[PDB]
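Shown here is one chain on its own, the form deposited in one PDB entry, set out as structure tokens.
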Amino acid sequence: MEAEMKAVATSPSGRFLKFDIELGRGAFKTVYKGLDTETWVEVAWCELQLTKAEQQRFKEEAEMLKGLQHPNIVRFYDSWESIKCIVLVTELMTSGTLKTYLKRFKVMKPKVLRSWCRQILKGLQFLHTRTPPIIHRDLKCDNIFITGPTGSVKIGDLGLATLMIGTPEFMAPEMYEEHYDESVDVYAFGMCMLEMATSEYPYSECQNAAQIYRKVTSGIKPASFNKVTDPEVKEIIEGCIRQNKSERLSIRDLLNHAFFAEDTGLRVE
């Protein structure tokens, strides 16, 4: 393309070029094709629409993210404020999210579900085993990404959520802080697996978040759970979305499950 011949912007350090090639857009981000000028690898140049405290915590967040290298984590390269928008440079995932990828297909193949879910678990395991552990807290099919031509599946949007009761005057500061452990990622994984397995959004029968909350704090499963054909798939999902977090499967349990073991390849025909 002509568009690939002419950069339209450069990062402050000169490392990354932006091209006027729009790869995707959502409510929060617009992603362009970029280029790493040192390696000539194409990257994702993501533009997002804060106090000096939030600015410093962000830079520290980004420095840690730069160290997170793993085959099932979208790699994070750099970030800065441009003037106006915020720019994050990450690994480019050519096929967008798993949510969009699933819209092209009618019924899930067991080999694909196996393979995608195994990759997601390894990414979560990688995050949970950092020093200190990283809990994604926002895992969903719309921030799990895929490169069509390899079938590589990688967790993205890490840190994005945290980048954007009582009476406030009388509220102790520690009541704003939320601590989650690994099990909220396991629950979210279970719902991703359910969505992949049914080609259907979970709790779609609900109209609002409160209805889901009434269902989800009453511990009654989404209608799609029963539309799961394979009993072993139903059992894995059930073990991930159990209401009481101490009853939930662990990531290690899931990854050791024979369901996720790889096969011996497809026979030549």
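The first residue of the sequence shown is number 1, and the count goes up from there. Here the rigid core means the biggest group of C-alpha atoms that line up within 1.5 Å when the two forms are laid on top of each other.
According to the record, the deposited sequence contains 4 to 9 residues between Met164 and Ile165 that were left without coordinates. Taking the PDB entry as given, 237 to 245 carries the higher mean Cα B factor of the two stretches 237 to 245 and 31 to 39.
For the pair 111 to 119 and 166 to 174, the mean B factor over Cα atoms is greater in 166 to 174. When the Cα B-factors of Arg75, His136, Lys99, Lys106 are read from the PDB record, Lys106 comes out highest. Sorting the modelled residues of the chain by their CA temperature factor places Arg252 in the middle third. Compared with the other modelled residues of the chain, the Cα B-factor recorded for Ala62 ranks in the middle third. In this PDB entry, the Cα temperature factor of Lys140 sits in the middle third of its chain's modelled residues. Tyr180: CA B factor in the highest third of modelled residues in this chain (values from the PDB entry). Sort the modelled residues of the chain by CA B factor and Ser152 lands in the lowest third.
Just so you know, the form deposited in another entry exists too; it's not on screen, but the next bit is about it.
In the overlay on the core between this form and the one not shown, a shift of 2 Å or more in CA position is seen for a single residue of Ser204, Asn226, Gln56, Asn244, which is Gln56. Once both forms are overlaid on the rigid core, the distance between the two CA positions of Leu23 between this form and the one not shown is 2 angstroms or more.
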